[PDB]
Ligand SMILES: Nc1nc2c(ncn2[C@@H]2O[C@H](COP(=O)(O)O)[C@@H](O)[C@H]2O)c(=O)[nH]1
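Before any questions on how it binds or moves, here is one chain, the form deposited without the ligand, in structure tokens.
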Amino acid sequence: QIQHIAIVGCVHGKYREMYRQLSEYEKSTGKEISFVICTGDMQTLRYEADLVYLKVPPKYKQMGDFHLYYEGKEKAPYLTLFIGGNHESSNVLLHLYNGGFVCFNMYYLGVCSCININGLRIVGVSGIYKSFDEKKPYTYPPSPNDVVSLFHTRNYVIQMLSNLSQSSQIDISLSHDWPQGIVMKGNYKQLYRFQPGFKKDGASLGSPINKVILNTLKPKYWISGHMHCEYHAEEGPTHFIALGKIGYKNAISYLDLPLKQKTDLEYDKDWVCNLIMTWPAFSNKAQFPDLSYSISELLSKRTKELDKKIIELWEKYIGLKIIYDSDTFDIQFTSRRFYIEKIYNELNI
């Protein structure tokens, strides 16, 4: 059978319109949406105070729709998985850097992670690339002086994700800005006619971090947004798809993929092991990661016996299924790190 997955570019706080168009797809076609995938710019502002962390020009300092769903006045009709972009309540996403539900049916994948759903493995890479911030650590708790840098993709996510395709393939990978160089792998002459400003950047357009991750993992699909235009390219065996912003018709597309199994949203096994084995580099809650450690060196200590022990302890303390937690985000930050520390220390290394 077939599972219909909705892929969305930039939301920019227009959730009610997005879910309205998603419902018009289900009724005008008769097909059922399994779940929704968004490439970023979610602007998950809980209340007015969160506007400080929204890095936008003054004209875009707006609350958007998310607070209606956070308050429960609105309910997301589909399970929505998303990454962070450059227009975010960056304090919220920092609290949930290990992933988490921002409200019912809206799951943030964290700074980066892999999840499981309907037999698929989905990798997310949050943020946009700025070379001067790719080596900065994260400062916690969030400070209003970090609004300009919290949403910049850090280089270390490359080492966190590089081994994820060893056991099985990655079906879908998500980034906000494009993988660098992918613009030349499609009909770029046509793209330059509708987007003349893109031609001056040439092949250096996208993110070099997402370029490396794409070449390493080679997923079936790589989805991106940010650029407010539609685009499609082929990099070896990877189908690249770019989407626009909500409000225009190039914002939503649909992947019709085979459905072997219908399963609830679950943590990815290989990601959980990476998450536990890199705990020493994240043990300082005020500044992480501590790059005096080598993430590849920490991950080289993975064995099949330790991986099995890690999953046994993860299922005990957290559970394999990703379930909704309505605790405040600062509590979910401390809770998830508490159990990562507990599982690691029980391995005795």
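Numbering starts at 1 and runs along the sequence shown.
The next section is about a form of this same protein that is not shown, the form deposited with the ligand bound.
Placing the ligand onto this chain after superposition of the site C-alphas, with its pose taken in the deposited bound form, gives no ligand atom within 2.4 angstroms of any backbone or C-beta atom; the site is classed as open. Taking the partner from elsewhere, no residue among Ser162, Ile209 and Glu297 has a non-hydrogen atom within 4.5 angstroms of the ligand in the deposited bound form. Interface membership of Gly197, defined by any non-hydrogen atom within 4.5 Å of the ligand in the deposited bound form, is confirmed. For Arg121, no non-hydrogen atom is located within 4.5 Å of the ligand in the deposited bound form, even though that partner is not displayed. In the deposited bound form, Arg154 stays away from the ligand, with no heavy atom inside 4.5 Å. Interface residue remark: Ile241 is not counted as part of the site for the ligand in the deposited bound form, having no heavy atom within 4.5 Å. A heavy atom within 4.5 Å of the ligand in the deposited bound form is found for exactly one of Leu191, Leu79, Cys103, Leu205: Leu205. Of the candidates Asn116, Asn98, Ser253, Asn86, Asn86 is the one whose heavy atoms come within 4.5 Å of the ligand in the deposited bound form; the others do not. Of the candidate stretches 271-279, 224-232, 132-140, 210-218, only 224-232 contains residues with a heavy atom within 4.5 Å of the ligand in the deposited bound form.
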